[PDB]
C-alpha cells in the first residue's frame, strides 16, 4: 500500500461499486480510496495534488486525517474554512505532521462540503510495534481492513439534500436492488488462523449493524483506543466510527455472509444487498448459503472500557469540570442549530482569524458558533438527544481530541471511573443524554459536529477555539498554507 510519505493525486473518473456506472472522485486513480499506513511516531507527509475538473462534485478539495491530534499542526487538520482554505484545482498541498503518541485505526476524507460522499474517503492504519493485543491474532494487514460505505447513484449535490442510499459498499463492493448480480466483496481467511479485522465506517449518513454468520467477534479497539477485550456477536457502527475486532477462523471451511444492515434505505439482505462473503481458503467460488441468527451478545458502548482502565478527566460528579457546555440541538428553515446558531462556513477560515488578530470567541466568525476554551482544564460536553432535530441518532465528533464517553446512549449511568474513550459517539434517540469529557491539551480551532455529512452541510456544527492566546505560538504555518487563501479567492464560481 502507501504511506507515510506519499503523493495523493485527486481526480475524477467513472466507477461502479454496485454495477451502476457514475462519475466519482478517484484517489491515485482508484476507487475506493487507497489504504495509507505507517508506524507509531512516523512523520506523515501526504502531498495532495488536486486534478479534479468536475464542478457538480467540486473542483476544490481539502482532506481531514480523521482522529489525529495534530498538536502543532492545526493548519493541517482538513476542515475547509475552519483550519484552511480549500486546495484549488491544478495545485498541490503538503500535509506534514507526526503521529508521536497515537496508534490505531484511522481514516481520511474530504472536509469540503458534502464531497466525501462522492468518493474521497479511505482508511489509515497506524500500526504499533508494541501493541498490547498483539498476541490475540496471527494476522493484521491489508486484507483485514473492512470499510462500510453508503453509495448513492445520484451525486451529492444532484439528489435530495438528505438522500437515501442505493447500496452499502463493503470494501468498495456491494449490490443495489437493480443490480443483484454485481460482485460482492470477498474477505479470505485461513482455517485455524486469527484475524485482527479493522472496521471503518466510511458512511455519510447510515449507521450499520455489522455481523458475520457463525462467528463471534472480540472487540479490542474502538476508534483509535485500545480496549479490554469484549466478545460480541454484532456491532452497530455509526458514521466515521472504527471498531477493531479479532475473528477466529475455527469454523468449517465454507462461505459465510458478512452482514451490514443500515438504519435507513434498503433494510434487508434480499439478493445479498448489505452483504459480503467471508470465504475460507478452499471453499467454492459461490454465494454463501448461511442463515443469520439473532444477536444475543450485541456490542453495548457503555460496557466497553479502555485497556489501561483510565478514569475521565475531572471529578466523578456532574459539573465536576472547569467549564461545562450543553449543546441544545434544533432544526428550523432546513438548517440545524446548536444553541440557536446554525454554522455556515466563514470567508476567512477560523484559523486565519486567530493568527491575524481575533482574541476571543466574540471576535470570531461565524458568531454564535464558536466557544472559547481555557487551557489545561477539564471540559465536559453534553449532547441531549432530541426529536427537535431529525435524522437521529446523530454521531457527533470532535477534532484534535479523544474523549471519555461518561454516558453512552441507551443508558442512564455515569461512568467517571473507567469510561470507554473514543473520538466519535452516538448521541442516540430522544431521551438519551450522551456526555463527554476531555482535557484541553491542544491550542487551536477544532471542529465539533454531526458526522452525517448532509447534516454538517445544513449547519449542525460548532467550533471549539481551544486556548486561543497560544494558538499562534504552537501552530506555525507553512508558506503554502498562507497561499491557499489568496489562491482560492482568485477563483470563479465553477472553477471551485
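Positions refer to the first chain, counted from 1.
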Worksheet item: Given the B-factors recorded for C-alpha atoms, which segment has the greater mean, 281-289 or 413-421?
Response: 413-421
Worksheet entry | Between 32-40 and 446-454 (mean CA B-factor, as deposited), the higher | 446-454
Response to the item:
Top Cα B-factor in this entry, restricted to 398, 355, 404, 239, sits on 355
Practice prompt. Could you tell me which one of 118, 363, 150, 96 shows the highest CA temperature factor in the PDB record?
Written response: 363
Worksheet entry | Third of the chain, ranked by Cα B-factor, where residue 62 sits | middle
Response to the item:
residue 72: CA temperature factor from the record, placed by chain third, in the middle
Practice prompt. Check where residue 471 lands among this chain's C-alpha B-factors and tell me if it's the lowest, middle or highest third.
Written response: highest
Worksheet entry | Cα B factor band for residue 491 (lowest, middle or highest third within the chain) | highest
Item to complete: Pull the Cα B-factor of residue 343 out of the PDB entry and bin it into the chain's lowest, middle or highest third.
Response: highest
